[PDB]
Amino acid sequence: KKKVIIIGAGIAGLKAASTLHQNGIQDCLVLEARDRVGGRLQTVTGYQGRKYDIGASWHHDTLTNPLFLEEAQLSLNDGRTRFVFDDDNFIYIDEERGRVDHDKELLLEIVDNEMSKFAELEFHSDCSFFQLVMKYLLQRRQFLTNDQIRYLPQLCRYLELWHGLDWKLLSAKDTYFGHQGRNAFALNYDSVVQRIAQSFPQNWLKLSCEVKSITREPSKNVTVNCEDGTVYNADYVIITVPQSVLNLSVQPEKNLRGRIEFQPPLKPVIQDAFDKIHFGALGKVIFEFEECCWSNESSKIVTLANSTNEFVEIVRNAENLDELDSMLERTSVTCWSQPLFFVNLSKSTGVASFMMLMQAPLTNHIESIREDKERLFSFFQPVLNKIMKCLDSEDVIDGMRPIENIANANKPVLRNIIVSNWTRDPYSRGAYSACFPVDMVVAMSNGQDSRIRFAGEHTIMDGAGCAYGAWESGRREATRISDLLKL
């Protein structure tokens, strides 16, 4: 029947569909399991109609990001605001100390820089980012004060919100990575998705179509089966489901929502690749306040996990990486058990809200209780008040239920909380490609064969794990299949 069948309507699949059409191609399809397009790009709506990207929210590498450049030109042509450069000077908050950023005596950003060059030098075996930070501290303690030894490691973990992985689950070798310039906050990624999706025959889109299996016949024809019985046959097939999903293609049984049974099975180089690449769990929590009543100094605030001086003496005393490694091994998870990244939306978008980013293992636990508004307010209440105090304000009032308080005005009134759910959603099963302490790109880039091709943020190297990477990978596979068929 069809020329090419695109599986998944994330930005990868959408771009691909866009290309094909743009290449005059016809008779294609976009099969999406969810009842909406966008995949890991979703803009939700909350209090008083405020909108928030619960999925991707920034255009990274604006100096070379091609998706971003395209958006910029559109904006040069029509003056519509599509984004805002929200990079800012980070505010770091510790529970006891308070602010420790731009400190006259702590000079933490400066040692962090050094720490980073140290990381580049170490490589230029591989351990965990946590293990790398310990070596650094050990090897440079002679030139680090006691307060730097205490806090630096906590501040430097802000990188956890970059991969969505705690410093002990994260590969040190992939941790530090330069960026091609500032970041631009998308003021409607849904506008990016919408545009691409409305640039090809709207009749190609088939929502709520979970694909159960993909089969390779002899007669250069591929057969796709959505689990509702309906079956399709096409020339080429572009698979864009998340790596975490695709990975299911090689496990016991075949049920598990999302899993696609391949026929024949996926080659060994492919299945091998899943052994050398994991997936992160970046999550988000939106805190909607009645109105801003705090200082809008910065739009970037990070709260540090708690630290101790007992940790220092062990740095001072340890003789080597083993004495320290063994001395360190010497519960209760709260809002102060890990670093939390808060985007203060008031300064950058004028919205009285906080977009907080979180990592594994915390993400999954918070998303598990996403419907428990009071439990959620109780869990983050401490860091929220600590933030408000540092930003010259008061403790948060809970106004999530009818009948505010009448005596607010000077106190931040929380009106709502929104939480992501990517780790519990079967069609995402996590946030995006991440490294545990490479080859998948090549595996995907080639394909299962000349007609069973792939695409997605995990099928490319430039822009890996990013929206534009997935966007481009969608064009790659697209352009190709196009050149041929066209004939």
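Definition used throughout: the rigid core is the maximal C-alpha set that superposes within 1.5 Å between two forms. Numbering starts at 1 and follows the sequence shown.
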373-381 versus 246-254: which one's CA atoms end up farther from this form in 9 other deposited structures of this protein after a core fit? 246-254
More variable segment, 65-73 or 428-436 [Cα RMS over structures in 9 other deposited structures of this protein, core-superposed]: 428-436
How about residue 120: is it missing in a third or more of the other compared entries? no
Unresolved residue 407 in a third or more of other entries flanked by modelled residues: yes
Check the residues of the deposited sequence separating residue 401 from residue 402 and report how many of them have no coordinates, as none, 1 to 3, 4 to 9, or 10 or more. none
Deposited residues omitted from coordinates between residue 437 and residue 438, as a class: 4 to 9
Averaged over C-alpha atoms, is the B-factor higher for 318-326 or for 108-116 in this PDB entry? 318-326
Look over 205-213 and 354-362 in the entry and identify the one with the greater average Cα temperature factor. 205-213
Would you mind checking which of 183, 298, 368, 247 has the top Cα temperature factor in the PDB entry? 247
Member of 420, 446, 42, 428 with the greatest C-alpha B factor (per the PDB record): 446
Please place residue 222 in the lowest, middle or highest third of its chain by C-alpha B factor as given in the entry. highest
Which third, lowest, middle or highest, does the C-alpha temperature factor of residue 405 belong to within its own chain? highest
The third of the chain into which the C-alpha temperature factor of residue 411 falls is the highest
Looking at the temperature factor on the CA atom of residue 455, which third of the chain's modelled residues does it land in? middle
Comparing residue 32 with the other modelled residues of its chain, is its CA B-factor in the lowest, middle or highest third? middle
